[PDB]
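Residue numbers (the deposited numbering), protein chains in the order written: chain L, 1 to 30, 30A to 30F, 31 to 94, 96 to 109; chain B, 1 to 30, 30A, 31 to 95, 95A, 96 to 107; chain A, 333 to 526; chain H, 1 to 52, 52A to 52C, 53 to 82, 82A to 82C, 83 to 124; chain C, 1 to 52, 52A, 53 to 82, 82A to 82C, 83 to 118.
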Amino acid sequence: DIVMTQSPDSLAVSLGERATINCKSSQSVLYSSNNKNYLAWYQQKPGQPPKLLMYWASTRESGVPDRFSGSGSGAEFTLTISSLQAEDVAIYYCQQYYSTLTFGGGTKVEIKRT
Amino acid sequence: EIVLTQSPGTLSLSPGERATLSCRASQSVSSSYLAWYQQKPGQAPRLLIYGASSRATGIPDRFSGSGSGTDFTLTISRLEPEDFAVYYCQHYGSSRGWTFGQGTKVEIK
Amino acid sequence: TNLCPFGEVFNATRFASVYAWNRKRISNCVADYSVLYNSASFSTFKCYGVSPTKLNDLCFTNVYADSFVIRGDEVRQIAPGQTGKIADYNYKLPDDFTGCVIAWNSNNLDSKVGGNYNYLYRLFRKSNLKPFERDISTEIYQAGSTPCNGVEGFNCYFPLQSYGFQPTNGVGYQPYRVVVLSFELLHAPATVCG
Amino acid sequence: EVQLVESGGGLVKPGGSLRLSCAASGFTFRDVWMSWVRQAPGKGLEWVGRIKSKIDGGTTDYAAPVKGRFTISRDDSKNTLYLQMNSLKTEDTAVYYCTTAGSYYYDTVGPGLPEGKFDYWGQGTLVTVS
Amino acid sequence: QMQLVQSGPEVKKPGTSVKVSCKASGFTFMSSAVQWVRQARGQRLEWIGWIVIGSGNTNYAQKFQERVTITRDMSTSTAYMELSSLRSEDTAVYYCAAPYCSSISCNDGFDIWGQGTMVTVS
Ligand SMILES: *[C@@H]1O[C@H](CO)[C@@H](O)[C@H](O)[C@H]1NC(C)=O
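Below, the structure is given as structure tokens:
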């Protein structure tokens, strides 16, 4: 099975602050043909199922704020949120479509406070 | 990204003297992706050597690439006034590369 | 006198990528092309062989169906005497071709919101295709004097490119399902009639 | 709107067996690849297995940790997805979900998505082994 | 004789975007690939990104990730590049380059460079 890993395990972010999530695959998800990276990002809140934000990590799905954008290629990628809002607090997951389905361990994004 | 470095950063030679330029990769990849370029002030860079050894069309015989693995060189058998220039190396790789070295300059002494 | 299973060709749920276009033999059955011609479902129904309705009175030893998906602007390339990326590297008809080319607008089926990248076409080849040649090699295309090491980067490229099929595409960029019906008269009794 | 309904969860004794099921929504079920995903409390998402649409071989595949103990099938006349689990372990305790996730790239579904999206998940059901 | 011709000089404000064109002539464009490099005066060459003309495929240096987009239009036989979120540090001469391509094969290095385009941010 292909294994995705993520870092940091969690990140405290103040409101309005830019934040990123890194990840690395055990192998490239690039298919050569089509020049596409088969990586998606999902958002999950407690008590709820995860939902898709980006399918190739290059494009947003409908209803997704423009603040969200993916980046990178091959085995290594980063998700960027241009500015975090309270509504965006969630556990974020990578998903691979290169073979079968794989999920990463996920990353927690929370609001920084004293 | 692979880092390329060059040495000496500056050389001072008289015309008619032999000159050697060198570079070092942070890691070896292949000679097939190496090329050297010449630049004069006010002008675009021009290809001298590709494949780490093949001459570009119109290049004089005095120019030749050499070296292997991590360490590659560019040599001039004897300097002409035309040869005093800033030189750069580039590594094409498998893409996600194409980095340039710090550059080197040959001054007239 | 079984009816020919045209639905297996024209109603197919999936179509092959044009670089690896599908081929199926039609034989030993009763054909009806008038149902296709009069369906008015097709954006194009053009014959380079016997005219679309005159052919209904003729029997053939066989008919072949070549199935693939291309852009609407590329449909014109599916003809004898043509050039361009599809005509030379993906699918080619001979100058002596006899038969018909049928196009259908699949924008409601083959397009995907994020783009459908499952439909591939060949971008590079060492030379032009022979008529009805099917080149499915995935070997990295070489350019220049330096031998390719099998790794993409410079003067080494994967031979295939995807279509960006999306619902918002203009008609020329919308996908069309194309079926080419090739007809043959072999030195044999006819097996296909209507 | 699109809504999946999940059932069949509950407490199971170790070494026992359980049948889970999920009802299809208004989107065409038969043409969409389906998969099962599970999440233990305090843990990240884990893929369980997948079943292909009728146009394909209809074959299935499973994550290595669950392979040979899990079986996936569907009833097209009822448009219902099923998972059978055998020889359950305490390790298998999780909330199980039915989803369309990852299918859009490989399925035959066109642009005409009923909500503008292809990504659908159930609320899932809890399975406990103890 | 192959040549590349670039668009002329332009001055931009910080926070704005700039576009630079590079027109092909004298060689087969479709078999070629175009590289973009910039150089501040007195500084070493810096790679920005490159495009394969036949496929439209691109790659970028991490420094320019999502700041630079490279496109081409074969009907105009021209490569295009755009740079966004301009800073005063982005002042440089920008160059396009490509290998010579015959109908049969291409050169294995960037033998032809354009005259360069001056871009100033202030
Ligand atoms: C495809 O199936 C429909 C079913 O109603 C039929 O009307 C149509 O003629 C078929 N197309 C063929 C057989 O080419």
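Even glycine gets a Cβ: it sits at the ideal position worked out from N, Cα and C.
Alpha-carbon to alpha-carbon, residue j and residue i
{"i": "C/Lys23", "j": "C/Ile52A", "result": "12 Å"}
{"i": "H/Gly44", "j": "L/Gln37", "result": "12 Å"}
{"i": "L/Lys24", "j": "L/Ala51", "result": "14 Å"}
{"i": "B/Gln89", "j": "C/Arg44", "result": "12 Å"}
{"i": "L/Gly99", "j": "A/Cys432", "result": "52 Å"}
{"i": "A/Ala348", "j": "A/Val401", "result": "7 Å"}
{"i": "C/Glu65", "j": "B/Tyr91", "result": "21 Å"}
{"i": "C/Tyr90", "j": "C/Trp36", "result": "7 Å"}
{"i": "A/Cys480", "j": "C/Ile100", "result": "15 Å"}
{"i": "A/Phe374", "j": "A/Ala435", "result": "6 Å"}
{"i": "H/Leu78", "j": "A/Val445", "result": "26 Å"}
{"i": "B/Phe71", "j": "B/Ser65", "result": "6 Å"}
{"i": "L/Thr102", "j": "A/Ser438", "result": "41 Å"}
{"i": "H/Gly49", "j": "H/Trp115", "result": "15 Å"}
{"i": "H/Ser52A", "j": "H/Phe29", "result": "8 Å"}
{"i": "H/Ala23", "j": "C/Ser54", "result": "44 Å"}
{"i": "C/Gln3", "j": "A/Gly504", "result": "33 Å"}
{"i": "A/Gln409", "j": "A/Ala419", "result": "6 Å"}
Residue closest to residue i, alpha-carbon to alpha-carbon, out of the options
{"i": "A/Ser399", "options": "A/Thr393, A/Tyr451 and A/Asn360", "result": "A/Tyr451"}
{"i": "A/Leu518", "options": "A/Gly476, A/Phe392, A/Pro337 and A/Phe342", "result": "A/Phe392"}
{"i": "C/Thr70", "options": "C/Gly42, C/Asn103, C/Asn56 and C/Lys13", "result": "C/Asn56"}
{"i": "H/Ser25", "options": "H/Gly54, H/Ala61, H/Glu1 and H/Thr122", "result": "H/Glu1"}
{"i": "L/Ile21", "options": "L/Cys88, L/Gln42, L/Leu15 and L/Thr109", "result": "L/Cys88"}
{"i": "C/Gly8", "options": "C/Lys19, C/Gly15 and C/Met2", "result": "C/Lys19"}
{"i": "L/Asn30D", "options": "A/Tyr369, A/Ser494 and A/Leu387", "result": "A/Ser494"}
{"i": "L/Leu46", "options": "H/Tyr98, H/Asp72 and H/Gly65", "result": "H/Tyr98"}
{"i": "L/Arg108", "options": "L/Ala12, L/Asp1 and L/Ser7", "result": "L/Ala12"}
{"i": "C/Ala40", "options": "C/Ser76, C/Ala78, C/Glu85 and C/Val34", "result": "C/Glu85"}
{"i": "H/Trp36", "options": "H/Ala88, H/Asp73 and H/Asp53", "result": "H/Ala88"}
{"i": "C/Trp109", "options": "B/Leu47, B/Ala51, B/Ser65 and B/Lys103", "result": "B/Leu47"}
{"i": "A/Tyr351", "options": "A/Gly381, A/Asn388, A/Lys417 and A/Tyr396", "result": "A/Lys417"}
{"i": "A/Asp364", "options": "A/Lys378, A/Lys424 and A/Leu387", "result": "A/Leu387"}
{"i": "B/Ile58", "options": "B/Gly68, B/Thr74 and B/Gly66", "result": "B/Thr74"}
{"i": "B/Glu81", "options": "B/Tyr32, B/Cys23 and B/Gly16", "result": "B/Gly16"}
{"i": "L/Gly16", "options": "L/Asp82, L/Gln42 and L/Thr94", "result": "L/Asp82"}
{"i": "A/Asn422", "options": "A/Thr385, A/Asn440, A/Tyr396 and A/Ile468", "result": "A/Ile468"}
{"i": "A/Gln498", "options": "H/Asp113, H/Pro105, H/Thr122 and H/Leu120", "result": "H/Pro105"}
{"i": "A/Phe342", "options": "A/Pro521, A/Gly526, A/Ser514 and A/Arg509", "result": "A/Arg509"}
{"i": "H/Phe67", "options": "H/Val123, H/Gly118 and H/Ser17", "result": "H/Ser17"}
{"i": "H/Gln81", "options": "H/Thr84, H/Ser70, H/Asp86 and H/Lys75", "result": "H/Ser70"}
{"i": "H/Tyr91", "options": "H/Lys13, H/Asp113, H/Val12 and H/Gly54", "result": "H/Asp113"}
Own chain partners of residue i with C-beta closer than 8 Å, once the 5 adjacent residues on each side are dropped
{"i": "C/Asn58", "result": "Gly49 and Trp50"}
{"i": "L/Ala19", "result": "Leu11, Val13, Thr74, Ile75, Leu78 and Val104"}
{"i": "B/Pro44", "result": "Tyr36, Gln37, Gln38 and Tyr87"}
{"i": "L/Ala80", "result": "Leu15 and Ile106"}
Proximal residues to residue i (C-beta, below 6 Å), its chain only, five neighbours per side dropped
{"i": "C/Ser31", "result": "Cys97 and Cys102"}
{"i": "C/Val11", "result": "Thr116"}
{"i": "C/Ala93", "result": "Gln35, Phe106 and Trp109"}
{"i": "A/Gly404", "result": "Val503, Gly504, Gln506 and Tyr508"}
{"i": "A/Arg457", "result": "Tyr421"}
{"i": "H/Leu120", "result": "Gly9 and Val89"}
Cut-off 7 Å between Cβ atoms - residues of its own chain near residue i, not counting five sequence neighbours on either side
{"i": "C/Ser82A", "result": "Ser17 and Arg66"}
{"i": "C/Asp107", "result": "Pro95 and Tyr96"}
{"i": "L/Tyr92", "result": "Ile2, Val29 and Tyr32"}
Inset, instruction - Please list the residues of the stretch 478-505 of chain A that have a C-beta atom closer than 8 Å to any C-beta atom in chain B, keeping them in chain order. - result: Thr478, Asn481, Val483, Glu484, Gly485 and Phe486
Legend entry - Contact residues within the stretch 399-413 of chain A, judged by C-beta distance below 8 Å to chain H: none
Inset, instruction - Mind checking the stretch 57-72 of chain C against chain L and listing, in chain order, the residues whose C-beta falls within less than 8 Å of any C-beta there? - result: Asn58, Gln64 and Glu65
Inset, instruction - Pick out the complete alpha helix (DSSP H) segments inside the stretch 2-35 of chain H, 4 residues or longer, and give them in chain order. - result: none
Legend entry - Contact list for the stretch 346-379 of chain A against chain H, Cβ threshold 8 Å: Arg346
Legend entry - Interface residues of the stretch 424-451 of chain A facing chain L [CB-CB below 7 Å]: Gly446 and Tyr449
Inset, instruction - Could you please tell me which residues of the stretch 452-467 of chain A, in chain order, have their CB closer than 9 Å to any CB of chain C? - result: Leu455 and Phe456
Inset, instruction - Quick one: which residues of the stretch 38-49 of chain C get their C-beta closer than 8 Å to a C-beta of chain B? List them in chain order. - result: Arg44, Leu45, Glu46 and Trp47
Legend entry - Interface residues of the stretch 94-111 of chain C facing chain B [CB-CB below 7 Å]: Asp104, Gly105, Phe106, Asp107, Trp109, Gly110 and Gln111
Legend entry - Where the stretch 32-47 of chain L meets chain H: residues whose CB sits under 7 Å from a CB there: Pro43, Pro44, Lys45 and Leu46
Legend entry - Residues in the stretch 42-56 of chain B having any Cβ partner in chain A nearer than 9 Å: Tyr49, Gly50 and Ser53
Inset, instruction - Enumerate, from N- to C-terminal direction, the unbroken beta strand (DSSP E) stretches of 3 or more residues contained entirely within the stretch 468-512 of chain A. - result: 492-494
Inset, instruction - Just list the alpha helix (DSSP H) runs in the stretch 47-90 of chain L, keeping only unbroken ones of 4 residues or longer that don't cross its boundaries, in chain order. - result: none
Inset, instruction - May I ask you to list, following chain order, the residues of the stretch 19-52 of chain H that have a beta carbon less than 7 Å from some beta carbon of chain L? - result: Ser35, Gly44, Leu45, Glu46, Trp47 and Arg50
Inset, instruction - Below 7 Å between beta carbons is the criterion; list the residues of the stretch 92-106 of chain H that meet it against any residue of chain A, in chain order. - result: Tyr98, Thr102, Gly104, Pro105 and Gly106
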